[PDB]
Amino acid sequence: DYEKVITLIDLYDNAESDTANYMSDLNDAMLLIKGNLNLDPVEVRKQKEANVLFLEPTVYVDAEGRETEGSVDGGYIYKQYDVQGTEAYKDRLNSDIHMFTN
Amino acid sequence: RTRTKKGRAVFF
Amino acid sequence: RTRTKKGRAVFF
């Protein structure tokens, strides 16, 4: 009865273990901080509980007396995947496994 | 004569 | 005289 749909059962196994890898292995989100700066790894532990994040840029002094500021930047980045296309694919697999087996 | 002063990131 | 200092990527 299922002899003719074993290949779709395989494909649905492979798809779902792919999504389970994506979940395991990538970090949900991280606080990205760029630019020339000093971060004390003891102070970083306050990251959960601080209210203000202050970035003071490195000031570069030129031999002719000029002064100019480095580009600091900071903000959250978060992982994302194509939910629309992968779920439409897995819904097609489930639907077809059921269709060909009545 | 001033010299290059490195920046700081602080969380308060 | 300062010299080119290569950057670092750290994950803490």
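Residues numbered from 1 in each chain as written, not as in the entry; some residues may be left out. Chains lettered and ligands numbered in written order. Part of a larger assembly, values for the part shown. Heavy atoms only, no water.

- Its PDB record attributes the structure to cryo-EM, giving the resolution as 3.5 Å.

1. Focus: helix 1 (residues 6–25) of chain A
Residues and elements named next belong to chain A.
- Between its first and last C-alpha atoms helix 1 spans 29 Å; for 20 residues at 1.5 Å apiece the expected length is 28 Å, and the two agree.
- For helix 1, every residue scored as buried is listed here: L8, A15, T19 and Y22. Buried residues of helix 1, seen end-on, are gathered within an arc of 55° and therefore sit on one face of the element. In helix 1, those exposed residues whose orientation departs by more than 90 degrees from the buried face are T7, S24 and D25. (Helix = DSSP H or I, 4+ residues; strand = E, 2+ residues; numbered from the N terminus. Expected span 1.5 Å × (residues − 1). Buried < 20%, exposed > 50% of the residue type's maximum accessible area, 1.4 Å probe, protein only. Arc of directions from axis to C-beta.)

2. What about the arrangement of the chains?
- Among the 2 pairs of chains that make contact, the interface with the largest number of contacts is formed by chains A and B.
- Regarding chain B and chain C, the two do not touch, and the least distance separating their C-alpha atoms is 10 Å. (Contact = heavy atoms within 4.5 Å.)

3. Quick notes on helix 2 (residues 83–100) of chain A
All names here are of chain A.
- The terminal C-alpha atoms of helix 2, which comprises 18 residues, lie 26 Å apart, in line with the 26 Å expected from a rise of 1.5 Å per residue.
- Looking at the buried positions of helix 2, the neighbouring elements they touch are helix 1.
- Following helix 2 by one or two positions, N102 has its phi on the positive side, about 55°.

4. Here's the deal with the interface of chain B and chain A
- Opposite the 12 residues of chain B that make contact, chain A presents 25 residues.
- Both faces considered, chain B and chain A share a buried interface measuring about 1700 Å² in area, 52% of it formed by carbon and sulfur atoms.
- When the area that chain B buries against chain A is broken down by residue, the three leading residues are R8, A9 and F11 of chain B, summing to 41%.
- The interface formed by chain B and chain A holds 2 salt bridges in total.
- Our count for the chain B to chain A interface comes out at 12 residue pairs in polar contact.
- When grouped by side-chain class, the residues that make up the side of chain B that touches chain A number 4 nonpolar, 3 polar and 5 charged.
- The pairing of strand 2 (residues 54–56) of chain A with strand 1 (residues 8–10) of chain B spans 3 bridges and is classified as antiparallel. What sits directly across from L55 of chain A, in strand 1 of chain B, is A9 of chain B. (Buried area = accessible area lost by both parts, 1.4 Å probe. Salt bridge = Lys/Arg side-chain N within 4 Å of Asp/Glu carboxyl O. Polar contact = N/O pair within 3.5 Å; in protein donor to acceptor, adjacent residues only side chain to side chain. Nonpolar A, V, L, I, M, F, W, Y, C, P; charged D, E, K, R; others polar. Pairing = 2+ DSSP bridges.)

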